[PDB]
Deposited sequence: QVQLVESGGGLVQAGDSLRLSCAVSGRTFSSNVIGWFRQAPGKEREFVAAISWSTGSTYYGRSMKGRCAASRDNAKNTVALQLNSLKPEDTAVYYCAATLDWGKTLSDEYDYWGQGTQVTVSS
């Protein structure tokens, strides 16, 4: 499974940003974020087969994952400079994994900077 992250850049507090996972070559597409000098966090998971979603602790009520274009999108809302991190896309056969260690294929990432 090949993964490439699109979207992402600089934005302000309260703004919105839509990310995109271009998938090629897994059933569940995971979303992770890592701020420099901080613990890697699970953001969201989406099933390609079904459209089932799951959202981690990090961005509950302010993020939404969707299916499309072999694309997985991650909508981010009410953005705050704390959500500043590099956003990664990941793949696995399994539901509902939240650990970086539980994902087999990874993407290069995309930087998201708020305020």
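A.B. asks: Could you sort out which parts of the deposited sequence are absent from the coordinates (no C-alpha) and give them as ranges from 1?
C.D. replies: According to the record, the gaps fall at 1, 27-30, 74-75, 123.
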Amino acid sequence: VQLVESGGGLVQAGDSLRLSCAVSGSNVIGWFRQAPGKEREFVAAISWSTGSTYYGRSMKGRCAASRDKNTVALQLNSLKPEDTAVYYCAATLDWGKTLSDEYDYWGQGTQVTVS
From here on, numbers count along this sequence of modelled residues.
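A.B. asks: Once you work out the mean C-alpha B-factor for both 29-37 and 42-50 from the entry, which is higher?
C.D. replies: The stretch with the larger mean CA B-factor is 29-37.
A.B. asks: Output the stretch having the higher mean C-alpha B factor in the entry; the candidates are 6-14 and 90-98.
C.D. replies: Comparing 6-14 with 90-98, the higher mean C-alpha B-factor belongs to 6-14.
A.B. asks: Highest CA temperature factor in the entry: which of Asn70, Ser66, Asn77, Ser58?
C.D. replies: Answer for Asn70, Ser66, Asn77, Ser58: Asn70, with the highest C-alpha B-factor.
A.B. asks: Comparing against every modelled residue in the chain, figure out the third that the C-alpha B-factor of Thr110 lands in (lowest, middle or highest).
C.D. replies: CA B-factor rank for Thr110: middle third.
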